[PDB]
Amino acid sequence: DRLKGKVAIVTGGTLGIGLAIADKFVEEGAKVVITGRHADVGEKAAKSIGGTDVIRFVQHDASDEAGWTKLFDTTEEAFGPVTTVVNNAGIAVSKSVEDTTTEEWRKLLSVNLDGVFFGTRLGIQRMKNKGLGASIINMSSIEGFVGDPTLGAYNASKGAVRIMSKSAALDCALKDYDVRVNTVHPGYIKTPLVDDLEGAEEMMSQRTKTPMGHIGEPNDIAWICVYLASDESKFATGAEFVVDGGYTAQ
């Protein structure tokens, strides 16, 4: 068990990428709380992985600052001290910077940026100085690395997460908090969200997009998260982890 004794919060954990991360975390012996906006989906999501001795659903909107403090108390009350925060909750808008409304601009940043900030900030306050091998894993993207002309606000959010985590990682390092902070940069990953977008996977699978000629699967992101959640990565902080089938290598 590579995550023995670990206690993790995975936001957006009821579907797609966060679901697999949750799945593999429990598999490696961690206790897990997954968050989502819908109780029915969330409960069934948690149950699909295991019983309440290893995983629980908690309804939480990642942009809900007050809820974050509650989320931590509930998790600790369930499983004990939190060791791992995976800020995975995120939304995407398909708009150019030119075509981005302010309502869209602020809605997306509310989840993608403020949510990652709330979880990082709270995670540091709660996990520092307890010798937990604590780990904050902030879900950025390939869109944190390069631009996409139709993902303006998303790019801003993922680029914001990338460098902020470095800020967080340095602080924790310098203050011996025993908290690492890192970013994971998924390329295109096959999720039900992508399967809803007609022709999207086909677009993403083009060699000019993803060199390997296919997009990834949620477990590809899950395994890199396990590495970063485990003490195997005790010397890695402030770094970006790219799993994109070669998207950003060209």
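Residue indices: 1-based, along the sequence shown.
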query = Higher mean Cα B-factor in the deposited model: 70-78 or 152-160?
reply = 70-78
request  = Select between 46-54 and 186-194 the stretch whose C-alpha atoms have the higher average B-factor in the entry.
outcome  = 46-54
Identity of residue with top Cα B-factor, from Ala229, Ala236, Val242, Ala20 = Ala20
task = Tell me, lowest, middle or highest third: where does the Cα B factor of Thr35 rank within its chain?
result = highest
Position of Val116 among the chain's modelled residues by C-alpha B-factor, lowest, middle or highest third = middle
query = In terms of the CA temperature factor given in the entry, to which third of its chain does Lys130 belong: lowest, middle or highest?
reply = highest
query = Among the modelled residues of its chain, does the C-alpha B-factor of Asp176 lie in the lowest, middle or highest third?
reply = highest
Among modelled residues of the same chain, the CA temperature factor third for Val41 = highest
